[PDB]
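File shown: final20.cif. Contents: mmCIF, C-alpha atoms.
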data_data
#
loop_
_atom_site.label_atom_id
_atom_site.label_comp_id
_atom_site.auth_asym_id
_atom_site.auth_seq_id
_atom_site.Cartn_x
_atom_site.Cartn_y
_atom_site.Cartn_z
CA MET K 1 0.00 0.00 0.00
CA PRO K 2 1.50 3.32 -1.13
CA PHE K 3 0.45 5.32 1.95
CA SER K 4 3.64 7.37 2.24
CA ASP K 5 4.00 7.57 -1.55
CA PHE K 6 0.79 9.56 -1.96
CA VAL K 7 1.63 11.83 0.98
CA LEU K 8 5.02 12.79 -0.47
CA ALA K 9 3.61 13.12 -4.00
CA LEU K 10 0.72 15.31 -2.83
CA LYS K 11 3.16 17.70 -1.14
CA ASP K 12 4.88 18.33 -4.50
CA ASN K 13 1.84 18.26 -6.81
CA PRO K 14 0.83 21.77 -7.95
CA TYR K 15 -2.57 20.47 -9.06
CA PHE K 16 -3.31 18.95 -5.65
CA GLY K 17 -2.18 22.12 -3.88
CA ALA K 18 -4.38 24.28 -6.10
CA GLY K 19 -7.34 21.98 -5.52
CA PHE K 20 -6.83 22.03 -1.75
CA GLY K 21 -6.57 25.82 -1.81
CA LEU K 22 -9.77 26.13 -3.84
CA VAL K 23 -11.57 23.75 -1.46
CA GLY K 24 -10.42 25.83 1.50
CA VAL K 25 -11.54 29.04 -0.21
CA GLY K 26 -14.96 27.53 -0.90
CA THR K 27 -15.32 26.37 2.70
CA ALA K 28 -14.33 29.83 3.93
CA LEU K 29 -16.89 31.43 1.60
CA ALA K 30 -19.62 29.10 2.87
CA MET K 31 -18.71 29.88 6.48
CA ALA K 32 -18.73 33.61 5.68
CA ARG K 33 -22.18 33.29 4.10
CA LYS K 34 -23.51 31.47 7.16
CA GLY K 35 -21.98 34.09 9.44
CA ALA K 36 -23.52 36.88 7.38
CA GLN K 37 -26.94 35.23 7.63
CA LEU K 38 -26.53 34.88 11.41
CA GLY K 39 -25.44 38.51 11.69
CA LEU K 40 -28.44 39.70 9.70
CA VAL K 41 -30.72 37.60 11.92
CA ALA K 42 -29.17 39.12 15.04
CA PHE K 43 -29.48 42.62 13.57
CA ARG K 44 -33.17 42.02 12.84
CA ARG K 45 -33.71 40.66 16.35
CA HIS K 46 -31.90 43.44 18.21
CA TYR K 47 -32.42 46.60 16.12
CA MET K 48 -35.73 46.12 14.28
CA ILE K 49 -39.40 45.96 15.24
CA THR K 50 -41.92 43.72 13.48
CA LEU K 51 -45.67 43.18 13.78
CA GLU K 52 -47.31 40.21 12.05
CA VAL K 53 -51.08 40.17 11.53
CA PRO K 54 -52.57 36.96 10.06
CA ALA K 55 -55.62 36.94 7.82
CA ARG K 56 -57.76 35.22 10.46
CA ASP K 57 -57.42 38.18 12.83
CA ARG K 58 -59.82 41.02 12.09
CA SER K 59 -57.02 43.59 12.31
CA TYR K 60 -55.95 42.52 8.81
CA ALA K 61 -58.82 44.30 7.05
CA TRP K 62 -58.65 47.26 9.44
CA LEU K 63 -54.93 47.71 8.78
CA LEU K 64 -55.40 47.39 5.02
CA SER K 65 -58.13 50.04 5.08
CA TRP K 66 -55.97 52.32 7.23
CA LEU K 67 -53.07 51.86 4.81
CA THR K 68 -55.18 52.71 1.77
CA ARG K 69 -56.61 55.74 3.58
CA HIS K 70 -53.19 56.99 4.71
CA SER K 71 -51.02 56.31 1.65
CA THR K 72 -53.43 57.64 -0.96
CA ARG K 73 -50.76 57.47 -3.69
CA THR K 74 -50.24 53.70 -3.73
CA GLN K 75 -49.44 52.79 -7.33
CA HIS K 76 -49.94 49.05 -6.74
CA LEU K 77 -53.42 48.13 -5.52
CA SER K 78 -55.89 45.28 -5.24
CA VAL K 79 -59.66 45.55 -5.52
CA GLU K 80 -62.45 44.48 -3.16
CA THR K 81 -65.95 44.65 -4.64
CA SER K 82 -68.89 44.65 -2.22
CA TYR K 83 -71.89 43.25 -4.10
CA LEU K 84 -75.29 42.71 -2.49
CA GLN K 85 -78.64 42.18 -4.22
CA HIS K 86 -81.40 43.03 -1.75
CA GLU K 87 -85.07 42.18 -2.17
CA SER K 88 -86.75 43.68 -5.26
CA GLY K 89 -83.40 43.29 -7.04
CA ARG K 90 -81.64 46.51 -6.03
CA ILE K 91 -77.98 45.85 -6.82
CA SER K 92 -75.52 47.80 -4.64
CA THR K 93 -71.85 47.83 -5.65
CA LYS K 94 -68.78 49.64 -4.35
CA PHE K 95 -65.07 49.36 -5.14
CA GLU K 96 -62.71 49.25 -2.16
CA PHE K 97 -58.98 49.31 -2.91
CA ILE K 98 -56.27 47.74 -0.74
CA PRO K 99 -52.51 47.48 -1.17
CA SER K 100 -51.54 44.68 -3.55
CA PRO K 101 -49.46 41.71 -2.40
CA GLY K 102 -45.77 42.53 -2.18
CA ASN K 103 -43.64 45.07 -0.34
CA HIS K 104 -44.89 48.60 0.36
CA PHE K 105 -43.10 51.49 2.05
CA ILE K 106 -45.07 54.01 4.11
CA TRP K 107 -44.07 57.04 6.20
CA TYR K 108 -45.74 57.18 9.62
CA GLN K 109 -44.78 59.68 12.34
CA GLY K 110 -41.03 60.15 11.78
CA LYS K 111 -40.08 56.62 10.74
CA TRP K 112 -39.97 54.61 7.51
CA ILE K 113 -42.12 51.48 7.88
CA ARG K 114 -41.91 48.55 5.46
CA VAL K 115 -45.34 47.01 4.91
CA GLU K 116 -45.33 43.52 3.41
CA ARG K 117 -48.68 41.96 2.51
CA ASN K 118 -47.50 38.44 1.71
CA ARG K 119 -49.85 35.73 0.42
CA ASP K 120 -48.38 32.29 1.13
CA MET K 121 -48.27 30.48 -2.19
CA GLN K 122 -49.11 27.03 -0.85
CA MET K 123 -52.08 26.46 1.47
CA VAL K 124 -55.82 27.06 1.31
CA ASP K 125 -57.34 28.08 4.63
CA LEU K 126 -60.24 25.74 5.34
CA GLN K 127 -62.10 28.39 7.34
CA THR K 128 -62.28 30.77 4.36
CA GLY K 129 -61.31 28.67 1.34
CA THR K 130 -58.70 31.30 0.42
CA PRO K 131 -54.88 31.32 0.44
CA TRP K 132 -53.20 32.20 3.72
CA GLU K 133 -52.36 35.91 3.82
CA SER K 134 -50.57 38.09 6.36
CA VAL K 135 -49.32 41.67 6.64
CA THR K 136 -46.02 42.46 8.37
CA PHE K 137 -44.93 45.94 9.47
CA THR K 138 -41.16 46.28 9.78
CA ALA K 139 -39.19 49.33 10.89
CA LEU K 140 -35.84 50.32 12.36
CA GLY K 141 -35.70 51.07 16.08
CA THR K 142 -36.50 49.57 19.46
CA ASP K 143 -39.78 51.38 20.26
CA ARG K 144 -43.04 49.50 19.65
CA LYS K 145 -45.32 52.48 20.31
CA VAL K 146 -45.58 53.23 16.57
CA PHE K 147 -47.24 49.90 15.80
CA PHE K 148 -49.62 50.30 18.75
CA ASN K 149 -50.62 53.76 17.50
CA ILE K 150 -51.14 52.42 13.98
CA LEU K 151 -53.34 49.61 15.30
CA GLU K 152 -55.37 52.03 17.43
CA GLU K 153 -55.89 54.35 14.45
CA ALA K 154 -56.97 51.41 12.28
CA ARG K 155 -59.43 50.25 14.94
CA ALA K 156 -60.84 53.76 15.33
CA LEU K 157 -61.29 54.11 11.57
CA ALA K 158 -62.94 50.69 11.32
CA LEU K 159 -65.38 51.35 14.17
CA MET I 1 1.99 21.48 9.84
CA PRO I 2 2.84 23.14 6.51
CA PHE I 3 0.88 26.36 7.13
CA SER I 4 3.43 28.72 5.57
CA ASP I 5 4.34 26.16 2.89
CA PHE I 6 0.86 26.23 1.35
CA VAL I 7 0.68 30.03 1.54
CA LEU I 8 3.94 30.48 -0.36
CA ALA I 9 3.08 27.73 -2.85
CA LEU I 10 -0.39 29.16 -3.52
CA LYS I 11 1.13 32.56 -4.35
CA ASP I 12 3.18 30.96 -7.16
CA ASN I 13 0.64 28.40 -8.42
CA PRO I 14 -0.95 29.48 -11.74
CA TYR I 15 -3.74 26.94 -11.27
CA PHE I 16 -4.65 28.28 -7.82
CA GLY I 17 -4.57 31.86 -9.09
CA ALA I 18 -6.83 30.99 -12.03
CA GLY I 19 -9.23 29.17 -9.72
CA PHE I 20 -9.36 32.10 -7.30
CA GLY I 21 -9.98 34.50 -10.18
CA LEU I 22 -12.79 32.33 -11.54
CA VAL I 23 -14.35 32.10 -8.07
CA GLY I 24 -14.20 35.88 -7.74
CA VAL I 25 -15.74 36.32 -11.19
CA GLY I 26 -18.56 33.94 -10.28
CA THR I 27 -19.22 35.76 -7.01
CA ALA I 28 -19.26 39.09 -8.85
CA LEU I 29 -21.71 37.69 -11.41
CA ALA I 30 -24.00 36.41 -8.65
CA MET I 31 -23.88 39.80 -6.90
CA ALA I 32 -24.64 41.53 -10.21
CA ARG I 33 -27.62 39.23 -10.79
CA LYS I 34 -28.97 39.98 -7.31
CA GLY I 35 -28.47 43.71 -7.86
CA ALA I 36 -30.26 43.52 -11.21
CA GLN I 37 -33.20 41.74 -9.57
CA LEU I 38 -33.33 44.39 -6.84
CA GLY I 39 -33.17 47.17 -9.43
CA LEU I 40 -36.00 45.63 -11.43
CA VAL I 41 -38.06 45.33 -8.24
CA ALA I 42 -37.42 48.99 -7.42
CA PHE I 43 -38.30 50.01 -10.98
CA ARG I 44 -41.58 48.10 -10.76
CA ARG I 45 -42.35 49.67 -7.38
CA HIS I 46 -41.55 53.27 -8.36
CA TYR I 47 -42.44 53.56 -12.06
CA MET I 48 -45.21 51.02 -12.69
CA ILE I 49 -48.86 50.62 -11.69
CA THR I 50 -50.48 47.24 -11.02
CA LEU I 51 -54.00 46.11 -10.15
CA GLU I 52 -54.61 42.54 -8.98
CA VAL I 53 -58.14 41.11 -9.03
CA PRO I 54 -58.59 37.62 -7.50
CA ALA I 55 -61.15 35.14 -8.77
CA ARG I 56 -63.23 35.42 -5.59
CA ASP I 57 -63.97 39.09 -6.25
CA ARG I 58 -66.81 39.68 -8.70
CA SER I 59 -64.75 42.21 -10.66
CA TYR I 60 -62.91 39.26 -12.26
CA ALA I 61 -65.80 38.31 -14.55
CA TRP I 62 -66.69 41.95 -15.19
CA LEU I 63 -63.12 42.76 -16.22
CA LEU I 64 -62.90 39.68 -18.43
CA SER I 65 -66.14 40.64 -20.19
CA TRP I 66 -64.93 44.22 -20.61
CA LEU I 67 -61.66 42.95 -22.07
CA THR I 68 -63.39 40.68 -24.57
CA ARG I 69 -65.75 43.51 -25.54
CA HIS I 70 -62.94 46.05 -25.95
CA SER I 71 -60.20 43.98 -27.62
CA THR I 72 -62.41 42.23 -30.18
CA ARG I 73 -59.37 40.86 -32.04
CA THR I 74 -58.00 38.62 -29.28
CA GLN I 75 -56.44 35.63 -31.04
CA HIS I 76 -56.15 33.59 -27.83
CA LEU I 77 -59.47 32.96 -26.10
CA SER I 78 -61.24 30.72 -23.61
CA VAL I 79 -64.87 29.65 -23.74
CA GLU I 80 -67.68 29.95 -21.20
CA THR I 81 -70.84 28.02 -22.06
CA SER I 82 -74.05 29.00 -20.26
CA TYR I 83 -76.31 25.93 -20.25
CA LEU I 84 -79.71 25.85 -18.55
CA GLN I 85 -82.53 23.34 -19.07
CA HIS I 86 -85.76 24.92 -17.88
CA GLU I 87 -89.02 23.09 -17.28
CA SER I 88 -90.49 21.31 -20.33
CA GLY I 89 -86.89 20.67 -21.44
CA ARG I 90 -86.11 23.90 -23.30
CA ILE I 91 -82.31 23.91 -23.58
CA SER I 92 -80.76 27.38 -23.76
CA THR I 93 -77.08 27.66 -24.70
CA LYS I 94 -74.76 30.58 -25.40
CA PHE I 95 -71.01 30.84 -25.97
CA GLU I 96 -69.19 33.59 -24.07
CA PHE I 97 -65.51 34.10 -24.87
CA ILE I 98 -62.89 35.45 -22.45
CA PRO I 99 -59.15 35.99 -22.79
CA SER I 100 -57.20 32.76 -22.35
CA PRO I 101 -54.70 32.31 -19.51
CA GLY I 102 -51.38 33.99 -20.23
CA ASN I 103 -50.22 37.51 -21.05
CA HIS I 104 -52.34 39.88 -23.14
CA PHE I 105 -51.56 43.41 -24.30
CA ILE I 106 -54.36 45.96 -24.68
CA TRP I 107 -54.44 49.64 -25.63
CA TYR I 108 -56.61 51.79 -23.36
CA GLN I 109 -56.70 55.61 -23.49
CA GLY I 110 -53.12 56.51 -24.46
CA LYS I 111 -51.23 53.79 -22.58
CA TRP I 112 -50.14 50.21 -23.22
CA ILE I 113 -51.55 47.94 -20.50
CA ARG I 114 -50.28 44.40 -19.93
CA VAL I 115 -53.14 42.10 -18.91
CA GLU I 116 -52.08 38.82 -17.30
CA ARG I 117 -54.80 36.28 -16.50
CA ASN I 118 -52.73 33.81 -14.48
CA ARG I 119 -54.15 30.54 -13.16
CA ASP I 120 -52.06 29.31 -10.22
CA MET I 121 -51.00 25.78 -11.07
CA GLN I 122 -51.24 24.38 -7.56
CA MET I 123 -54.33 24.91 -5.39
CA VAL I 124 -58.03 24.15 -5.69
CA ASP I 125 -60.25 26.80 -4.15
CA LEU I 126 -62.62 25.07 -1.73
CA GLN I 127 -65.33 27.69 -2.26
CA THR I 128 -65.57 26.94 -6.00
CA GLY I 129 -63.67 23.69 -6.49
CA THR I 130 -61.63 25.36 -9.24
CA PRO I 131 -57.97 26.43 -9.51
CA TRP I 132 -57.08 29.84 -8.10
CA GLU I 133 -57.15 32.46 -10.87
CA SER I 134 -56.34 36.17 -10.94
CA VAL I 135 -56.00 38.95 -13.50
CA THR I 136 -53.30 41.61 -13.17
CA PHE I 137 -53.23 44.88 -15.12
CA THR I 138 -49.74 46.34 -15.42
CA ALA I 139 -48.73 49.59 -17.10
CA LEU I 140 -45.98 52.20 -17.09
CA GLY I 141 -46.61 55.43 -15.20
CA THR I 142 -47.58 56.76 -11.79
CA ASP I 143 -51.27 57.58 -12.39
CA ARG I 144 -53.86 55.07 -11.17
CA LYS I 145 -56.85 56.79 -12.80
CA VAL I 146 -56.67 54.45 -15.82
CA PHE I 147 -57.37 51.36 -13.72
CA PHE I 148 -60.22 53.12 -11.91
CA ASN I 149 -61.78 54.10 -15.25
CA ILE I 150 -61.41 50.53 -16.55
CA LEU I 151 -63.08 49.15 -13.42
CA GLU I 152 -65.93 51.67 -13.68
CA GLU I 153 -66.48 50.80 -17.35
CA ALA I 154 -66.50 47.08 -16.52
CA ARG I 155 -69.02 47.63 -13.72
CA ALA I 156 -71.24 49.73 -15.99
CA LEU I 157 -71.15 47.07 -18.71
CA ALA I 158 -71.91 44.30 -16.21
CA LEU I 159 -74.86 46.13 -14.65
#
Can you turn what I pasted into structure tokens?
Amino acid sequence: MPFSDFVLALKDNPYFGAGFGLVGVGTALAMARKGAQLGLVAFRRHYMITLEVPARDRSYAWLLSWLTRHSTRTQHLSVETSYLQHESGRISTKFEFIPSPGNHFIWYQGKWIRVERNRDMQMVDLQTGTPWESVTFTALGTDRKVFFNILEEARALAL
Amino acid sequence: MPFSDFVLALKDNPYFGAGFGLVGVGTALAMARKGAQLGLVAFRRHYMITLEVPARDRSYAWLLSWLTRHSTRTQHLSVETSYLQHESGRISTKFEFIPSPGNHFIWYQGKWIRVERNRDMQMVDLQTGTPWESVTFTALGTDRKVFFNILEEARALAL
């Protein structure tokens, strides 16, 4: 068995040395990527504020209405048509517009808040028969009073 | 341990240098691709207008009917057969045509609008038993009045 033969040959093989160096560089890059992901996670945890509102909760519609009332100039929008045919066939229709799925940026108080109405692409909620949706408000800072004020304003507008 | 030996050898190995250069080029290309995606997202957010109408909302059928009434020369189409057998067996049938799933381009007012009737390939809506469908109107500009006018025209035609 050429155990020592390969060891000595590998020490003087430029190809093997280059391959080992490239493998080490790739491992270092993977470790750096993992460390960057961990650092971003820690930054989000310790210097950012988030509020997640699922579709089941009634604050979803209130927050969407508050958003469309506040940011009047929202280029991307989704429609909600209220259609009801009462007795004697009197059709009543009205178009209500809400922010479209995706990422939206709003300016409340003195902070930039990132609104993300995400519709999970997979499930169908049995209680509604519709895809699972949620809205997430993200902002920089450590004070949660802004989200509480937004929720209170949305509730007041809804009521 | 040959720690310094590999460092000195790697500095004078053409293969290792070429591999490191190729790795750097690949990383730069990946970063450029990510930056291009982010730039396209920002361009869509800040210079384009979108309106998303799900299948559950009743504006879906109204908008499809308005589209097939407006763009009479739509080469790609889908059929909707209304079949009803009243008492005494009087069969009434009528063929209604709507734009087929995919991307359609229409010309409203003085703007080019990209209509996309997409049928999500995955779910089955429990409320209808049919795949989840939605129509998205996309156009260049920052004025949302065009979509409002289209929706009003569709509602007027439907009523």
re atom CA of residue I:58 and atom CA of residue K:155: distance 26.9 Å
Expected selection from the PyMOL selection byres ((chain K) within 10 of (chain I)), given as number ranges by chain | K: 11-12, 14-22, 25-26, 29, 73-83, 91, 93-95, 97-105, 121-131
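Straight-line separation from atom CA of residue I:70 to atom CA of residue I:139: 17.1 Å.
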Gap from atom CA of residue K:84 to atom CA of residue K:119 - Å, one decimal =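 Taking atom CA of residue K:84 and atom CA of residue K:119, their separation equals 26.5 Å.
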Return as a ChimeraX atom specification the set of residues that the PyMOL selection byres ((chain K and resi 66) around 10) yields on the displayed structure.
-> /K:60-65,67-71,98,150-151,153-158
